[PDB]
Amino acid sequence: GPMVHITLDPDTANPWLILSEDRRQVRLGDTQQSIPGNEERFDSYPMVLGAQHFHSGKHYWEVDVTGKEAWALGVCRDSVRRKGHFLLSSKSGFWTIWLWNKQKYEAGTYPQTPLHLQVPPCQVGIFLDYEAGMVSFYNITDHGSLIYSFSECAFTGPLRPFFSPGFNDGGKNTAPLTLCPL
């Protein structure tokens, strides 16, 4: 079925991230880790990919975001740029939504789309339909209501799950993103 056990890919993880031993949780650290500058690693924001690659088909996973003031979630092309600054944009191979400033939910269209959520999500579901060209986000706290769906996505090659537990801010947003057991 579509549900997939996601694990995080340590080789992609920005040095400001701390991954759990089981690679099912990620949080912001208070200082940068000393780790390699390999080509796969995101170097400018606290971002990490799932290890799994999606070439086709339907895939679903859930993430716990309880109480965090910021986070970003979704899917991206494996071929996205890893080094440097960029726009988390569905014009650049990212299909993402995010929260920042405790209450500002946005979809990563270009320009960005403000999202009005009646029930702040504590868990988010991400449904990828490769052949349908869609990435859809569901509010598990609100009986699975639709947060946002990207459609007409140009998918070529493998996609990857995408995560950020926040940006660097001073160490306030310290709780992890946790991949829910399915």
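The first residue of the sequence shown is number 1, and the count goes up from there.
With 150 to 158 and 57 to 65 compared on mean CA B-factor from the PDB entry, the stretch scoring higher is 150 to 158. Averaged over their C-alpha atoms, the temperature factors of 8 to 16 and 165 to 173 are higher for 165 to 173. Looking only at 37, 50, 46, 144, the residue with the top Cα B factor in the deposited structure is 37. Among the modelled residues of its chain, residue 116 has a C-alpha B-factor that falls in the highest third, as given in the PDB entry.
In this PDB entry, residue 107 carries a Cα temperature factor that places it within the middle third of its chain's modelled residues. Looking at the C-alpha B-factors along this chain, the one for residue 92 belongs to the highest third. Annotation for residue 30: CA B-factor lies in the highest third of the chain's modelled residues.
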